[PDB]
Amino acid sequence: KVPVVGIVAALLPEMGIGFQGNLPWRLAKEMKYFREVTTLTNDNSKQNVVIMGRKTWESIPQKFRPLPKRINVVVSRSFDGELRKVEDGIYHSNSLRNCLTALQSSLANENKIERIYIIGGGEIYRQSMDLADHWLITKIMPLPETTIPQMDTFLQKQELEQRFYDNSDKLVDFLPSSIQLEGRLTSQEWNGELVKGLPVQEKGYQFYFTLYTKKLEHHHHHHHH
């Protein structure tokens, strides 16, 4: 019942997301977007969840974690159960899938979660293609002068485009009401792909905030008792 949204910043065209356990760039405006989108809710009485892999957790600066004003869940196969409170603001789960089921119980969650954001792991994103209802993808491009950063972790673009379509026309409507974005909706060709969304420039990069949504599904079967 609660929307599950993967959120990620990726450098085109390979959609690289990381290098040696860290981000390949440092972009304050992209950081600001991530913070505001994952924090803010339309309903003042709710929070969002942010679910992450152990390795992503370990890579967030210690002064900045857990991420304020959001329910943090860290997943590790060495943890004890599906969803366990370990400290203020911090849950542990030994299962991405079972933690989502647990978070979705109206009984457990009192309908006071607005959205569940999956905020990474490369490994976590790989497993999320079949779990996410949408993706918020910041598509990053080095400006002509700009050296492409080295990268070793990538979003599965093939799986993305199999399952989801570019719904960035609806990005503004989709984001929490009180967020304010600088750009206007723009469509630009870049190395032979259409890049559509809300543009920003910072340091060596231009980037677009985009929204991907699940493609329509045929009706093959509905479970009957």
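All residue numbers are counted from 1 along the displayed sequence.
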property: Segment of higher mean CA temperature factor, 73 to 81 or 117 to 125; result: 73 to 81
property: Stretch with the higher entry mean CA B-factor, where the candidates are 201 to 209 and 6 to 14; result: 201 to 209
property: Highest recorded Cα temperature factor - choice among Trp190, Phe34, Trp57, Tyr165; result: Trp190
property: Most elevated Cα B-factor in the entry, residues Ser105, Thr153, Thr138, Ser95; result: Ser105
property: CA B-factor placement of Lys63, once the chain's modelled residues are sorted into thirds; result: highest
property: Third assignment of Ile51 from its chain's C-alpha B-factors; result: lowest
property: Among modelled residues of the same chain, the CA temperature factor third for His219; result: lowest
property: Third of the chain, ranked by Cα B-factor, where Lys29 sits; result: middle
property: Where the record places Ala132 (Cα B-factor, split into thirds across the chain); result: lowest
